[PDB]
RNA sequence: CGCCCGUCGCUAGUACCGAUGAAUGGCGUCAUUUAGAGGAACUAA
RNA sequence: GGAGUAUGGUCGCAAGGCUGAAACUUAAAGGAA
């Protein structure tokens, strides 16, 4: 088993194993993960 | 050296884009927002008592490059004579009304201020903005105490009484009660589906208007400790207007103790409703009970009907105030037993005072009466053209519905004439007559002395007269219109049947293939430049109407044409963001300037020079040098797109009229422009601090034990906590744990290696103190094991050589606690492995062949 | 109409549930926070509740007793969701303690037979087992390394 | 071993401001839509 | 005659440039990027 991307669209899953949701995320946190995913896509 | 241009005036705006606060008389005075500045108006005289301006005039050297922020909210405190002004950038300014200076300046908001509210003491100011934050400001210390940030959209309204609770309604359709003790939202409800625009709270009654016609009624029960009991939805009722309602406000008559509230609407209507008294509501409930008994419905059905109609029991529709213009803001100004009085500032630049006479049941008059109006010193509709008179002492601004002649020096309105949709206006020589051209094709000539129209030509053109110009003597007129013709009129005086009256008679017509937008006669009357919708400008000799040149190279139509005094240079400015400077000797183009981000509406040369002003939809007025074709000065005082521009004959001042209903004067000034620690060292210092604190506390506890056992002598004093530990609010165990976590994995071996043996012993004491805490030990169990085992392996020989009974006991305790925790985790892992293997084995055994 | 009203009721109930969970996690109440977290599917809130409940559990019951009783209450779809969460946390080495504790609570308070015929359970179990074995090997090695303290005590005793 | 951070720009969506206005409907008037834009915001990517 | 080279002769065709965009360093669009 290898931790990959979450099947639910709202759910965000990381390689760390920490799962996190767009509903529970704050707006600044959403900005932070969007930029981090931008650098990982880079 | 080029002379500086600075704004010297701003007139023509009464109230624009912010709420009005009423100041009671010593009908009172009304404070309104006039774009970047604040006006105070006396209602009974209709005169400006005072104007509050922020600072240096725009266009100055130290002025910012961006446009000024308009006043977006006003809130005045009468006890301290203060007024909070919330601008569009986020700046909150506190002006004392007597001294008219900015006492306090706050910049905490990234967007425009939507609502401001003082507390009763006058020491805190609560500010809700577009950036979905509510900030409480302490006026005593000029700081921000706390910020409230769970809203997803702009704060439409809020209510805060006491230091404990707040209620906020936003555009995301959602209402929240806020505990200010913990700065956190306690209850969150969805008020309306799309937006929650208006909030008003009265005792235990809460009224919210959303995007629809329906209005929601809520009960506020703060003392109810149950979750969800703070705000409850009683019922809904429907106001008539389908538009959404921005502002609700209650007011109570002092004598009768009744309460009336108003719901503003986006439309021209303001709905005033009355709450019935408690005894009246009880009587209505008894009457409805009698009606239900007559109907014969079931008690549960009667209860459902009562719950449905309970919104109609509290409120009854009292009246509706209607105005000629869309309403921007309103205020309950005063309440007597005979009348309810309301002030409303409209969209199209008016202030209106309304009174409602009533007799405690219904209003006496069918419609509220408009008593006073402040509509004299302003324009209802945006100015399409301006003209400075020949003496440079008078100004004439023409718009849809009114032509107003202003005095420039005393900054007010000398005269007002009624007219049609005025696209262009001009002064006859002498400053006595004003000539107008309407969108209907009509051409009206106004007289200043007689204060009435002299000559009206209804069929001067079939389509809109887009532009108009006179010759130098003023005897001849050239009108360019959208009927694809340019008509020449001649002014001649005819004696009355015996005073001479001027009359305009049609001499000649030039029919072009397309529409004529602008027409300019050169100052020496030799050239006549005619714009077209073919994106070209023709130039005719004024004598003989010989066609000299056709200037082309504009992508979009030329909106303004202007000719220098020596007639060697012509400027065409068009809607493709270009100002093209042509020479009239041959028709070559000297220069093309990409000037603004949107269309240049007007361009005017300065008299006796080749410099020129440009006026655009970017709300920027740009002064240009046509000697080296470069921008000299950039003027940013206008908020929205600027329609008309005029220049004095002396060149001292340049007047601009814009969409923001504001007329400004730019005057020449005397001034002139010219074109650390390593990892491991932090561990040792943390060990020093933490172990010192731990040993001091343990010695203090031993001293208390000894003194309590002795029951004699002075009690020892507790040592003061270390300042870093108190400031960070961390126990020394957690502090040294955080330093170990901050140390990275690569540097960790070198850190533990570089600590000496005394720090090794302090590390062992720290480890023992951590073993005393079961939560932290299990939270950081593998890290503690790795660090301790490396320390013991590195310093094994010296540690063995040490002969300390206390050190032996410490190692025994640390060993027992490590093995207990590690075998607890080991037992958990082994139990789970065998259980899950059993589960998989049972499933395989069931589903195997 | 009625369906739109039902959707609006669902949205309002969702808003009230989110606010109630935020109040619960503000003031403690780990059983209520856990129940709302499982219904709302918030894995960060769920993990924080479980790890801090284990935090006061460090100071037979695996967690707080009513939290364990709630985990006994949970139905099969919540069991599948929770075991997916525990599997993902078990992949990590730091967060594997909470996963082992929760799996042990499930095993102690549930029926093994119904745990077997829950569909898709054995894929999750097969994913969980090798990481538990790796963690057991690592912790067992740590217990083995812990005997350097016995060696130090023996040498100190023979010295003095 | 177990999430490097911040600003701005870009894109989508929703509601607002007021001009061109235009079209349509009801009685020039009034109401509802829609378009060329611009202006200033919040969310989502 | 078959097949093929060379040609500082004659004659014709060329080849070159981001386009709008020149008398304008000039707009929206693109073209590339």
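Count, please, the residues in the stretch B:555-568 that happen to be part of a loop (DSSP other than H, G, I, E, B) and crowded, with 22+ Cβ neighbours inside 10 Å.
Of the residues in the stretch B:555-568, 1 are part of a loop (DSSP other than H, G, I, E, B) and crowded, with 22+ Cβ neighbours inside 10 Å.
Take residue B:479 and decide whether it is within 24 Å of residue B:529 (Cβ to Cβ), surrounded by 15 or more Cβ atoms within 10 Å (Cβ to Cβ) and touching a strand residue (DSSP E or B) at 6+ places or on another chain (Cβ under 6 Å).
For residue B:479, the condition - within 24 Å of residue B:529 (Cβ to Cβ), surrounded by 15 or more Cβ atoms within 10 Å (Cβ to Cβ) and touching a strand residue (DSSP E or B) at 6+ places or on another chain (Cβ under 6 Å) - is met.
So which of B:302, B:236 ends up being over 21 Å from residue B:352 (Cβ atoms) and either within 16 Å of RNA strand E (Cβ to nearest atom) or within 14 Å of chain C (Cβ to nearest Cβ) (or both)? Give the derivation first.
Details: B:302 fails: either within 16 Å of RNA strand E (Cβ to nearest atom) or within 14 Å of chain C (Cβ to nearest Cβ) (or both).
Only one candidate passes the filter, namely B:236.
Would you check which residues across the stretch B:274-333 are part of a strand (DSSP E or B) and touching a helix residue (DSSP H, G or I) at 6+ places or on another chain (Cβ under 7 Å) and list them? Before the answer, list the steps.
Applying the first criterion (part of a strand (DSSP E or B)) to the stretch B:274-333 yields B:274-275, B:315-322, B:327-333.
Scanning the stretch B:274-333 gives a single hit, B:275.
Pick out the one residue from B:576, B:566 that is within 16 Å of RNA strand D (Cβ to nearest atom) and either away from every other protein chain (no Cβ under 14 Å) or farther than 18 Å from residue B:631 by Cβ (or both).
Result: B:576 is the single residue among B:576, B:566 that is within 16 Å of RNA strand D (Cβ to nearest atom) and either away from every other protein chain (no Cβ under 14 Å) or farther than 18 Å from residue B:631 by Cβ (or both).
Looking at the stretch B:543-550, is at least one residue away from RNA strand D (no atom under 16 Å from the Cβ) and under 51 Å from the mean Cα position of the chain (by Cα)?
Looking for residues that are away from RNA strand D (no atom under 16 Å from the Cβ) and under 51 Å from the mean Cα position of the chain (by Cα), one finds at least one in the stretch B:543-550, hence yes.
Tell me, please, whether a residue that is surrounded by 15 or more Cβ atoms within 10 Å (Cβ to Cβ), away from chain C (no Cβ under 14 Å) and within 16 Å of RNA strand D (Cβ to nearest atom) can be found in the stretch B:354-369. Give the steps one after another, and end with the answer.
In the first step, residues of the stretch B:354-369 are kept if they are surrounded by 15 or more Cβ atoms within 10 Å (Cβ to Cβ); the result is B:354-356, B:358, B:363, B:368.
Those left that are additionally away from chain C (no Cβ under 14 Å): B:354-356, B:358, B:363, B:368.
Now restrict to residues that are within 16 Å of RNA strand D (Cβ to nearest atom): none.
Checking the stretch B:354-369: not a single residue is surrounded by 15 or more Cβ atoms within 10 Å (Cβ to Cβ), away from chain C (no Cβ under 14 Å) and within 16 Å of RNA strand D (Cβ to nearest atom).
Could we say that residue B:701 is surrounded by fewer than 19 Cβ atoms within 10 Å (Cβ to Cβ) and in contact with a helix residue (DSSP H, G or I) (Cβ under 6 Å, 6 or more places away or on another chain) here?
no
Which members of the stretch B:157-171 meet the condition of being buried (at least 18 other Cβ atoms within 10 Å of the Cβ) and not in a strand (DSSP E or B)?
B:171 - this is the single residue of the stretch B:157-171 that is buried (at least 18 other Cβ atoms within 10 Å of the Cβ) and not in a strand (DSSP E or B).
Looking only at the stretch A:5-15, decide whether some residue is within 8 Å of RNA strand D (Cβ to nearest atom), in a loop (DSSP other than H, G, I, E, B), over 26 Å from residue B:149 (Cβ atoms) and within 10 Å of the chain's Cα centre (by Cα).
For the stretch A:5-15, residues within 8 Å of RNA strand D (Cβ to nearest atom), in a loop (DSSP other than H, G, I, E, B), over 26 Å from residue B:149 (Cβ atoms) and within 10 Å of the chain's Cα centre (by Cα): present.
Going by the structure shown, is residue B:818 surrounded by 17 or more Cβ atoms within 10 Å (Cβ to Cβ) and either at the interface with chain C (Cβ under 9 Å from one of its Cβ atoms) or within 60 Å of the chain's Cα centre (by Cα) (or both)? Break it down into steps so the answer makes sense when it comes.
Numbers: surrounded by 17 or more Cβ atoms within 10 Å (Cβ to Cβ): yes; either at the interface with chain C (Cβ under 9 Å from one of its Cβ atoms) or within 60 Å of the chain's Cα centre (by Cα) (or both): yes.
So residue B:818 fits the description; yes.
Quick one: is residue B:590 more than 14 Å from every other protein chain (Cβ to nearest Cβ), more than 23 Å from residue B:649 (Cα to Cα) and either surrounded by 22 or more Cβ atoms within 10 Å (Cβ to Cβ) or within 16 Å of RNA strand D (Cβ to nearest atom) (or both)?
no
Just need a number here: residues in the stretch C:89-125 that are within 7 Å of another protein chain (Cβ to nearest Cβ) and farther than 29 Å from residue B:782 by Cα.
4
Based on this model, can you work out whether residue B:616 counts as within 16 Å of RNA strand D (Cβ to nearest atom), more than 14 Å from chain A (Cβ to nearest Cβ), surrounded by 21 or more Cβ atoms within 10 Å (Cβ to Cβ) and more than 21 Å from residue B:425 (Cβ to Cβ)? Before you say what the answer is, go through the steps one by one.
Numbers: within 16 Å of RNA strand D (Cβ to nearest atom): yes; more than 14 Å from chain A (Cβ to nearest Cβ): yes; surrounded by 21 or more Cβ atoms within 10 Å (Cβ to Cβ): yes; more than 21 Å from residue B:425 (Cβ to Cβ): no.
So residue B:616 does not fit the description; no.
Go through (1) within 14 Å of chain C (Cβ to nearest Cβ); (2) over 23 Å from residue C:147 (Cβ atoms) and name the single condition residue B:770 misses.
For residue B:770, the failing item is (2).
If you go through the stretch B:242-259 one residue at a time, do you hit one that is farther than 29 Å from residue B:164 by Cα, out of contact with any strand residue (DSSP E or B) (no Cβ under 8 Å at 6 or more places or on another chain) and within 14 Å of chain C (Cβ to nearest Cβ)?
No, because not a single residue in the stretch B:242-259 is farther than 29 Å from residue B:164 by Cα, out of contact with any strand residue (DSSP E or B) (no Cβ under 8 Å at 6 or more places or on another chain) and within 14 Å of chain C (Cβ to nearest Cβ).
Output the number of residues of the stretch B:778-815 satisfying the condition of being over 27 Å from residue B:753 (Cβ atoms) and more than 7 Å from chain C (Cβ to nearest Cβ).
Total satisfying the criteria: 1.
Inside the stretch B:437-452, can you point out the residues that are surrounded by 16 or more Cβ atoms within 10 Å (Cβ to Cβ) and more than 16 Å from RNA strand D (Cβ to nearest atom)?
Selection gives B:443, B:444, B:445, B:446, B:447, B:448.
For the stretch B:588-631, which strands (runs of 3 or more DSSP E) that fit wholly inside it have 1 or more residues that are more than 16 Å from RNA strand E (Cβ to nearest atom)?
By residue number, B:600-605, B:612-616, B:621-625.
Residues of chain A being touching a helix residue (DSSP H, G or I) at 6+ places or on another chain (Cβ under 6 Å) and either under 22 Å from residue C:48 (Cβ atoms) or away from chain C (no Cβ under 14 Å) (or both), which ones?
A:3, A:17, A:19, A:20, A:24 - these are the residues of chain A that are touching a helix residue (DSSP H, G or I) at 6+ places or on another chain (Cβ under 6 Å) and either under 22 Å from residue C:48 (Cβ atoms) or away from chain C (no Cβ under 14 Å) (or both).
Scanning for something within 16 Å of RNA strand E (Cβ to nearest atom) and part of a loop (DSSP other than H, G, I, E, B), does the stretch B:506-523 turn up at least one residue?
Looking for residues that are within 16 Å of RNA strand E (Cβ to nearest atom) and part of a loop (DSSP other than H, G, I, E, B), one finds none in the stretch B:506-523, hence no.
Could you please let me know if residue C:128 is within 18 Å of the chain's Cα centre (by Cα), in a helix (DSSP H, G or I) and within 14 Å of chain A (Cβ to nearest Cβ)?
Yes, satisfied.
Taking the stretch B:793-849 on its own, how many of its residues are in a loop (DSSP other than H, G, I, E, B) and in contact with a helix residue (DSSP H, G or I) (Cβ under 6 Å, 6 or more places away or on another chain)?
We begin by selecting, within the stretch B:793-849, every residue in a loop (DSSP other than H, G, I, E, B); these are B:795, B:802-804, B:847-849.
Adding the requirement that they be in contact with a helix residue (DSSP H, G or I) (Cβ under 6 Å, 6 or more places away or on another chain) leaves B:795.
The qualifying residues number 1.
Hey, does the stretch B:390-400 have a residue that's away from RNA strand D (no atom under 16 Å from the Cβ), surrounded by fewer than 22 Cβ atoms within 10 Å (Cβ to Cβ) and either within 14 Å of chain A (Cβ to nearest Cβ) or in a strand (DSSP E or B) (or both)?
Yes, the conditions are met somewhere in the stretch B:390-400.
Just so you know, all these numbers are worked out from the coordinates, no wet-lab data involved. As a convention, Cβ positions derive from the backbone with ideal geometry for all residues, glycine included, and neighbour counts pool all protein chains shown.
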